[PDB]
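S.K.: Structure, please.
(chains A, B, C and D)
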Amino acid sequence: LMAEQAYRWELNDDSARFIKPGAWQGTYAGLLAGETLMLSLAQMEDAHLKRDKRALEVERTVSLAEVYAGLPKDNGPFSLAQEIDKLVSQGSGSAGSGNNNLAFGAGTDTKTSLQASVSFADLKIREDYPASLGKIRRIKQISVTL
Amino acid sequence: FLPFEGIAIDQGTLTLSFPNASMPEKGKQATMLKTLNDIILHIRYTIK
Amino acid sequence: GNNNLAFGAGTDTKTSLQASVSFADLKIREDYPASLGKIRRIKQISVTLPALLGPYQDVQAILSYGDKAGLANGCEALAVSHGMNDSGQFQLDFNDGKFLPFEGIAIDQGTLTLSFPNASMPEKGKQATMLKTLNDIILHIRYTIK
Amino acid sequence: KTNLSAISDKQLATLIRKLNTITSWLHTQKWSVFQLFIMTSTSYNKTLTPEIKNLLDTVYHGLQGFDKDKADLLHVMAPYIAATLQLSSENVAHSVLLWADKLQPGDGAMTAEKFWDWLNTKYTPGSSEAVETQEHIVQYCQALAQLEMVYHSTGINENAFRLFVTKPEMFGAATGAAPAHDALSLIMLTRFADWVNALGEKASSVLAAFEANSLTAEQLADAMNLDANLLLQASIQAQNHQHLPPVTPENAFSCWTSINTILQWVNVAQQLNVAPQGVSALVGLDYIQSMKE
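M.R.: Numbering: from 1, shown residues only, chains lettered A, B, ... in the order given. Shown next is the protein structure:
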């Protein structure tokens, strides 16, 4: 089942379950149990390689300053230059709105910490490529520069 | 699996935190974070 | 012909601008004597785009084959990220068991199409301003003779 | 079903002959009357048993995830039935399942599709629960086991049992009806098995020629080490005389009943140490009747 989780992650098929119960039967001392499990794994590998395809690996630079400059007027656009230098002066303040807000941390050991939150939906990354190329888009790695 | 692998682009929230920011608490980052101008994320995402 | 430059046809590609190149018109086969090898096959395709991309800004374009049948699943198109000797993958490894995109494709026949989504300035496409700076395109065709 | 109080004299004589023949057959077969009743029984006990429960568990686990269009349900279910019901061969279980589907056992007529659907929906393995249809499931399992008791008691070969299940008409059962495990059919199945065993090494070719419309007097005579003219003339005599069912050249060796009639003619001729024309002359001596001169 641990391999089941890996297959349901590498492929988005959360519904697909291949390991079935009853492979162990106490009537017959549980004999052949491992050969049923082995057949289940062979079916799981057959379906895994059947479904796998080379995915278009893409990279996109995301500019936090530009994104926070760009969010709708009612969300209050702001360049990070004039709020980073003022939230450091006093941490009780807040900036931005929604999931794109810039404010200090809430948890008891994070009141000093300042966190900038970015919403993936507001990043509008999905439409950067036509939907015919691929129905699903998944993050493979995240790199940050400061 | 690398950190943030398999995460859907369409929905989700990403939060980057800087500990010890507040200058009233003389946080170690306080003086340097003032010099921070902009942030970049290099999102490696795949299409399939 | 197959060397035309025109916008995309499919319903989600009307904004995309694709440049199509015919492999037969590329006259690559005659570059070496026929005694060296009867068959010529593509092992890897790399693209360069010397566009005036900004700092922390990037191109997004996808070059695809024309057949999409003879070849392994998903090997028919790779998307360019930054366009400087840049293939679709993040680390390419010739020692990997994976067939690289466009592997085993015959040089003599075939069509290669490189597409740029969101080109049309009437739709204010994200590439529109930058694609104007595009002067020339390069393909690094890695092909083998055997 | 017939009552002895209100019965005809000829019917009573026929009943006496049937009882004597079946008792003699049972004595020859070393069979108790109870065994014959069990093999010919139709009422089935509706009580879950550990053997039946194990059968259900094995079938449910094996058939889980089965796709109807991908393969036949019966063929997929046969190996698990063979394993659970103590069978030597898988195709024996397949034939038994086909026969059961034609019989539709139990008070609630049960078949492979209905059994599989009940197991898929209303069955929870490993737990003792009360289900309204569970008694019909038990009856179907008991019928399957009984049809095993049939196959093993008869002693017929596996492929001729397959032929009997698929085409009762070849064995001369009433056309268009499922084969009977009635004692009347049981005795003829036993006689067929005995004839196949008597054929010895030739049986392999004889059965193949019988399953096709291929078998002839000469081939069967070579198989039984008898004169071909003897079998041909026995068949001629059987065709000439009014049997029920009638014997015609296009069924005389195609159907098992016609073959049995021809072999009976041959047996009676060799008992009397005369040609079949001798038996034909004998049976003409109906001097105590008014039907004919």
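S.K.: buried residues in the host helix or strand of residue D:203?
M.R.: Taking DSSP states H and E as the definition, residue D:203 sits inside helix D:203-211. For helix D:203-211, burial by neighbour count (16 or more other C-beta atoms under 10 Å in any protein chain shown) applies to D:203, D:206-207, D:209-211. For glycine as for every other residue, the C-beta is placed from the backbone atoms N, C-alpha and C.
S.K.: What of stretch A:71-84?
M.R.: So, applying 16+ other C-beta under 10 Å, buried residues of stretch A:71-84: A:71, A:75, A:78, A:80, A:83-84.
S.K.: CSV please, covering those residues and showing distance to chain D and secondary structure.
M.R.: Output for those, formatted as CSV (distance: C-beta to the nearest C-beta, whole Å; DSSP: H, G, I helix; E, B strand; the rest coil):
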residue, distance to chain D, secondary structure
A:71, 49, coil
A:75, 50, helix
A:78, 56, coil
A:80, 55, coil
A:83, 58, helix
A:84, 57, helix
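S.K.: closest to chain C among those?
M.R.: Set against chain C, the nearest of the buried residues of stretch A:71-84 by C-beta to the nearest C-beta is residue A:80 (14.1 Å).
S.K.: still on that earlier bit, right, and the pair among the buried residues of stretch A:71-84 with maximum separation?
M.R.: Spanning the widest gap among the buried residues of stretch A:71-84 are A:75 and A:84, at 18.0 Å by C-beta to C-beta.
S.K.: Need the residues that contact the host helix or strand of residue D:136.
M.R.: Counting by DSSP H and E, the element that carries residue D:136 is helix D:134-154. By C-beta atoms under 8 Å, 6 or more residues apart in numbering or on different chains, the surrounding residues in contact with helix D:134-154 are D:31, D:35, D:38-39, D:41, D:44-49, D:52, D:55-56, D:81, D:85-87, D:92, D:95-97, D:99-100, D:103, D:105-108, D:110, D:115, D:118-119, D:131, D:161, D:181, D:186, D:189-190, D:193.
S.K.: I'd assumed residue D:258 was in contact with residue D:247.
M.R.: Yes - with contact defined as C-beta atoms under 8 Å, residue D:247 and residue D:258 form a contacting pair (4.7 Å).
S.K.: Common neighbours of the two, please.
M.R.: Here residue D:247 and residue D:258 have residue D:238 as joint contacts, going by C-beta under 8 Å, 6+ apart.
S.K.: Show me which residues of chain A are close to chain C?
M.R.: Proximity of chain A to chain C, by C-beta under 8 Å from any C-beta of the partner chain, involves residues A:52-61, A:63, A:128-133, A:140-141, A:145.
S.K.: now the closest residue to residue D:136 other than its chain neighbours: how far from chain B?
M.R.: Spatially, and ignoring its direct neighbours in sequence, residue D:136 is nearest to residue D:108 (3.8 Å; C-beta to C-beta, 6 or more residues apart in numbering or on different chains). Counting by C-beta to the nearest C-beta, to the nearest Å, the gap between residue D:108 and chain B amounts to 50 Å.
S.K.: Who are the contact partners of residue D:108?
M.R.: Taking C-beta under 8 Å, 6+ apart, we find residue D:108 in contact with D:133, D:136, D:139.
S.K.: Need the phi and psi values for it.
M.R.: phi -110, psi 100 (degrees, to the nearest 10).
S.K.: Figure out the helix or strand that residue 34 lives in.
M.R.: You didn't say which chain, so I picked chain A. Per DSSP H and E, residue A:34 falls inside helix A:33-51.
S.K.: switch to chain D, that's the one I care about
M.R.: helix D:33-40.
S.K.: helices or strands up against that helix?
M.R.: Contacts defined by 3 or more C-beta pairs under 8 Å, 6 or more residues apart in numbering or on different chains; DSSP states H and E place helix D:33-40 against helix D:9-29, helix D:134-154, helix D:183-199.
S.K.: Taking helix D:134-154 as reference, get the angle to it.
M.R.: Orientation of helix D:33-40 against helix D:134-154 (axes from the mean of the first three to the mean of the last three C-alpha atoms, to 10 degrees) gives an angle of 120 degrees.
S.K.: For residue D:109, the count of nearby residues, please.
M.R.: A total of 11 residues lie near residue D:109 under the criterion other C-beta atoms under 10 Å in any protein chain shown.
S.K.: Return the distance of it relative to residue D:131.
M.R.: In this view, residue D:109 and residue D:131 are 17 Å apart by C-beta to C-beta, to the nearest Å.
S.K.: do the same with residue B:18
M.R.: Separation of residue B:18 from residue D:131 (C-beta to C-beta): 64 Å.
S.K.: now the helices: where do they sit in chain A?
M.R.: A:2-10, A:33-51, A:64-70, A:81-87 (DSSP state H).
S.K.: Give me whichever of those helices is most buried.
M.R.: Mean neighbour count (mean count of other C-beta atoms under 10 Å in any protein chain shown) peaks for helix A:64-70 among the helices of chain A, with a mean of 18.
S.K.: so, in contact with chain B or not, that one?
M.R.: Yes - judged by C-beta under 8 Å from any C-beta, helix A:64-70 comes into contact with chain B at A:64-66.
S.K.: Which single residue in the stretch 51-200 of chain D comes nearest to chain A?
M.R.: Among the residues of the stretch 51-200 of chain D, residue D:61 lies closest to chain A, at 4.2 Å counting by C-beta to the nearest C-beta.
S.K.: Can you report how many residues lie near the closest residue to residue D:189 other than its chain neighbours?
M.R.: Distances taken as C-beta to C-beta, 6+ apart put residue D:154 closest to residue D:189, at 4.6 Å, once the chain neighbours are dropped. Neighbour count for residue D:154, taken as other C-beta under 10 Å: 23.
S.K.: show me what contacts residue D:222?
M.R.: Counting by C-beta under 8 Å, 6+ apart, residue D:222 makes contact with D:202, D:228.
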